[PDB]
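Structural overview for review
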Amino acid sequence: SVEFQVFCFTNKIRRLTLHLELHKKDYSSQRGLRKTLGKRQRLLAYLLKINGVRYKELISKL
Amino acid sequence: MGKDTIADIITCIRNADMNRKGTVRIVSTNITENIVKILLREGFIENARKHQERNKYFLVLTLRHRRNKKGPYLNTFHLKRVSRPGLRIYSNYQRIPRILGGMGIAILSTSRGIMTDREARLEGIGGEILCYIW
Amino acid sequence: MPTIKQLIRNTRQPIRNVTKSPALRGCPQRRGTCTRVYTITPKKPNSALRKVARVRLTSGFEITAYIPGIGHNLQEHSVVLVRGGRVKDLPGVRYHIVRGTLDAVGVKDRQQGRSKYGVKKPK
Amino acid sequence: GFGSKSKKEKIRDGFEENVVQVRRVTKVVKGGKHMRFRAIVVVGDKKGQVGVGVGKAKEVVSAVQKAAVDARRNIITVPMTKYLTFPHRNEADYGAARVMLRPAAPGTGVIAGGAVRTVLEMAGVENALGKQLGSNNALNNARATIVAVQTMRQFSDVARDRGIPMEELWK
RNA sequence: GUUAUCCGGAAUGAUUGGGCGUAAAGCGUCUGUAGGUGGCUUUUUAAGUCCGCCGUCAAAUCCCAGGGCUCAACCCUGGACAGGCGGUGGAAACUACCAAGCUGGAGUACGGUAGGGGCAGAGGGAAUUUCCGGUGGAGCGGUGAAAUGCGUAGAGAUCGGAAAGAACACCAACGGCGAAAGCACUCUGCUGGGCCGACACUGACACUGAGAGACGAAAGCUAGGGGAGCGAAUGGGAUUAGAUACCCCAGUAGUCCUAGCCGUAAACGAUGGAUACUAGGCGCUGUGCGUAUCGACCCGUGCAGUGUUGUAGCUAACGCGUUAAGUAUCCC
């Protein structure tokens, strides 16, 4: 299941970001946010590598 | 399952018999099957057996020995790769080498199949030299 | 240095055979003008009074050149012909002076190996 | 203590001897600084039978012959099939001296560095060419050739080992 | 003969052909773009690859074979392998491509699980110093030995009362976690990461990473707090020929915190990362299965991580050795 990985990582970045911006100095979870961004980004380049229209739907969903 | 499936088998051969263990377990892809098919019939090894463990067909390969010595195999096997991934080598039917005069063989990928120097020198075809053993 | 991309950028290159004579810079031996004909000492293990002529060259450099042989005629403002070759004992002397050539006479009374010192045959 | 060692020296027509270097190696003591002689002797008949040996003693000649008695218990035979040359090329390092040996045409006298050439001109091979890659040493050099010509196989024993009956050989 | 220039030797710029623990050399560690390399099966095109044929790469040179100068040098006649590029006809194993599946690589979902992972908030008690009281009266403190200091204005010692900042004894282990730096008084909150199982899911989504970005002990600096101890500089005493020093007594910046900058360390495992394979013994940590009881044990084990001796192999040696400095592949 791929779109649950992208969507799940998106909610991960939402909850972790609204953690981090009202907190502002945790330099440990910064790596977690950046590993999630990079991991999701290699997924988006993967599904963009496979398809057009379907990845256009992944952009249009979020 | 690393980068190479041929340094897979080959490095399992060198690491197999440099510790004198006369038994190899490797994956059985098409080109591994072809190499052990053109390698059991050339007297280097003894037997190759396919089987399965979790329905994954593998090759166990029995190496040669001799009798109770300081080391039970006298002639060290000396396997070597040539056409590395990222540096492909290619030869005509001129460059194709007689390894040590012929005591080694150079298994290589013709358009026919994969041959040895005997079976690609008579053909006159040439191709990508996988590796030569001696 | 992999075959891929650390080396089809470049390995590096060695510089040259570095010139063992920075003057003479065309080719082998070059006309000189004597400026000083002083005498200096070698490093610590040796002990001598080696007699060098600091010489201006026609190239554009000025350089202290050694004077071989025993006798020497070389006064102030004479003309010599320097050649390459490092005298080890003297710091700074890089060059020799040819003997028997222009305005630098051959050595006095030498009968072993004369072509290095510019002395014609006796007998 | 019978005397003069005439019968006991074994006149050495069977093994001809040469040094290849005699370096004076020295140790210091409380009294001072005293030296012994390390000689390296390569023994061998021209039949194909050589071996190195080191020795050291305060005399020169006892170090040479002492290295010889160490050497003439250390012999391999040279696999040299053809008209006094080599079956195939070989390379084998020992320590930090690497030696590439290469067979030659019969119109080629042995060309190698002094230690390698010494153990081959005593080995009775006539047609080889061996470059030395690595050390300036003489002992590990020569002993590296000895290891580089132990591991060398003819065509008859490779034909015997592989099981292939016979072809692919001009002679 | 000397000199100069060039190549060799020189594997001393390394594709053939080197290295990076300690010899010169692994970025401090990590994320990731470009780019490089990449699992298995089946099918398609042939760009690479290979084979045939054809065109051309002037002549001279070099190579072979003849011939001519009395030979040679040199001249001449004929021939051609390489190898380059192009046209064209074939092959499909490998790289690439087209399409379709696959799961062990990688993830996710789920259930557990361990932790000084991080940050924030609360709370804690020894100890030290200072102050305030009661006592008592001559030294206390310090040293190799002394002295400066403090002390009759009552020191130190002892008991009580406050206040202050900073650090957190035993537990502490050749232990756990983090990418490294680092992280230990306890509790709470938010939150990272790891490990293990079932097929529960997708189907190669992988590795590395130029430039880039982040973090990055300590000392340092800007701004504001705070300041007990310790303590560069400084000052005094001592030792000393001399002492700007080691010793001692005071002692400022600093040490701590807020917000930044700085971006270096023996940032060390003196060892970049990743995958696959190659004896064992003795351990520790986390989980999983079976035995044993039915419950804690306890034995073997499946893995992951951490350590100590050690076979093979490598190494100049010392040593390293499944967490390689082994065998190979990739990337910087």
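Residues numbered from 1 in each chain as written, not as in the entry; some residues may be left out. Chains lettered and ligands numbered in written order. Part of a larger assembly, values for the part shown. Heavy atoms only, no water.

In its metadata, the entry names cryo-EM as the structure determination method and reports 3.4 Å as the resolution.

1. Some remarks on the pattern of salt bridges
Keep this limit in mind: The term salt bridge refers to a side-chain nitrogen of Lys or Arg lying within 4 Å of a carboxyl oxygen of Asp or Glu. Each helix corresponds to a stretch of at least 4 residues labelled H or I by DSSP, and each strand to a stretch of at least 2 residues labelled E; elements are numbered beginning at the N terminus. When a residue's accessible area, from a 1.4 Å probe over protein chains only, is under 20% of the maximum for its type it is buried; when over 50% it is exposed; and in between it is partly exposed.
A full pass over the atoms with the stated rule returns 16 salt bridges over all chains. Where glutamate 167 of chain D meets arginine 118 of chain B, a salt bridge forms, and the shortest distance between an N and an O atom there is 2.3 Å. With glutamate 167 of chain D in the segment after α4 (156-162) and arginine 118 of chain B in helix α3 (residues 117-121), the pair connects residues from two separate chains. Of the residues examined, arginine 118 of chain B reaches a relative accessible area of 22% and is grouped as partly exposed. We note a salt bridge from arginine 72 of chain D to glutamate 17 of chain D, for which the minimum N-O separation is 2.4 Å. You can see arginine 72 of chain D sitting in the loop between α1 (60-71) and β5 (76-77) and its partner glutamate 17 of chain D sitting in strand β1 (residues 16-28), a full 55 residues away along the chain. Here the salt bridges share partners, and the residues they tie into one network are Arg41, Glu42 and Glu119 of chain B.

2. Focus on the interface of chain D and chain B
Condition: The contact definition used throughout considers only heavy atoms, calling two residues in contact when any of these lie within 4.5 Å. Accessible area, probed at 1.4 Å, shrinks when two parts are joined; the buried area is that loss added up over both. By the criterion applied in these results, polar contacts are pairs of N or O atoms within 3.5 Å in which, for protein atoms, one can donate a hydrogen and the other can accept it, and in which residues neighboring in sequence qualify only through two side-chain atoms. Put simply, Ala, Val, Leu, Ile, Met, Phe, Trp, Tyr, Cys and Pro go in the nonpolar bin, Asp, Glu, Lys and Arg in the charged bin, and everything else, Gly too, in the polar bin.
Between chain D and chain B, the contact holds 13 residues from the first and 13 residues from the second. Here chain D meets chain B over a buried area of about 1300 Å², counting both sides, of which 46% is carbon and sulfur. Its largest share of buried area at the contact with chain B, chain D owes to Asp161, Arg162 and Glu168 of chain D, together 41% of the area lost on that side. Among the ionic pairs, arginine 64 of chain B bridges to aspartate 161 of chain D, the shortest N-O distance being 3.0 Å. At the junction of chain D with chain B, the criterion picks out five residue pairs in polar contact. Within the side of chain D that touches chain B, the residues separate by chemical class into four nonpolar, two polar and seven charged.

3. Considering the sheet that holds strand β6 (residues 90-91) of chain D
As a general point, the strands of a sheet are linked pairwise by backbone hydrogen bonds and lie either parallel or antiparallel. All names here are of chain D. Our working rule: In this description, strands pair whenever DSSP reports at least two bridges between them. With axes taken as lines fitted to C-alpha atoms, and helix axes fitted only over the stretch in contact, angles between N-to-C directions fall between 0 and 180 degrees.
In space, the four strands of this open sheet follow the order β6-β7-β9-β8, with mixed pairing throughout. Of all the strands in the sheet, the pair left with one neighbour each is β6 and β8 (111-112). Those strands touched by helix α3 (residues 139-150) are β6, β7 (97-103) and β9 (128-134), and its axis lies near 50° from that of β7.

4. Structural notes on empty space enclosed by the protein
Spelled out, the test is: Lining residues are those with an atom within 4 Å of a point, where the points come from a 1 Å grid over the protein atoms alone and group into cavities, where a 1.4 Å probe fits but cannot get out, or pockets, open sets with protein on both sides within 12 Å along at least five of seven lines. Grid points are joined across faces, edges and corners, and a volume is the space filled by probe spheres set on the points.
What the rule picks out here adds up to six cavities of 30 Å³ or more. Around the largest cavity sit 14 residues that line it, and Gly102 and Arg118 of chain B together with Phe155, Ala159 and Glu167 of chain D are the ones nearest its centre. Tallied by class, residues from the lining of the largest cavity come to eight nonpolar, two polar and four charged. Within this model, the second largest cavity holds a volume of roughly 100 Å³.

5. So, the nonpolar core
Residue and element names in this part refer to chain D. Test applied: Each nonpolar core is a collection of buried residues, namely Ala, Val, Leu, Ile, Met, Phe, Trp, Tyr and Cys, held together in the definition by side-chain atoms within 4.5 Å. Note that the domain bounds reflect an automated or database-derived domain assignment.
In this structure, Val78, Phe86, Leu101, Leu120 and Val125 are the most contacted members of the largest nonpolar core, which totals 27 residues. Only β7, α2 (114-121) and α3 provide two or more residues apiece to this core. Of all the elements, α3 adds the most residues to this core, at five residues. No fewer than three residues from each of domain 1 (1-77) and domain 2 (78-171) sit in this core. Among residues more than four places away in sequence, those in contact with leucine 120 are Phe86, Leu101, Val110, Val125 and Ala128.

6. Re the arrangement of the chains
Counting contacts across all two pairs of chains that touch, the top pair turns out to be chains B and D. The smallest C-alpha distance separating chain A from chain D is 47 Å, and no contact links them.

7. Remarks on the protein's contact with RNA strand E
Keep this limit in mind: When we say a residue is near a molecule or strand, we mean one of its heavy atoms is within 4 Å of it.
The immediate surroundings of RNA strand E are formed by 80 residues, with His23 and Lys49 of chain A, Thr29 and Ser109 of chain B together with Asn17 of chain C found nearest. When atoms of RNA strand E within 4 Å of the protein are split into backbone and base, the sugar-phosphate part holds 77%. In the environment of RNA strand E, a phosphate oxygen lies 3.3 Å from a nitrogen or oxygen atom belonging to the backbone of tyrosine 93 of chain B. A distance of 2.8 Å separates a base nitrogen of RNA strand E from a polar side-chain atom of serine 111 of chain B. Only α1 (3-20) and α2 (29-50) of chain A, α1 (6-17) of chain B, β5 (79-84) of chain C together with β9 of chain D provide two or more residues apiece to the surface near RNA strand E. The element contributing the most residues to the surface near RNA strand E is α2 of chain A, with ten residues. Tallied by class, residues from the surface near RNA strand E come to 26 nonpolar, 31 polar and 23 charged.

8. Looking at unusual backbone geometry
What is expected of a backbone is that most residues other than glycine have negative phi and most peptide bonds are trans. All names here are of chain C. In the Ramachandran plot, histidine 77 falls in the positive-phi region, its phi being about 60° despite a non-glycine side chain. Tracing the backbone shows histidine 77 in the loop between β4 (62-66) and β5. The backbone phi angle of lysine 123 is positive, close to 60°, even though this residue is not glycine. Position of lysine 123 relative to the elements: it lies in the segment after β6 (95-97).

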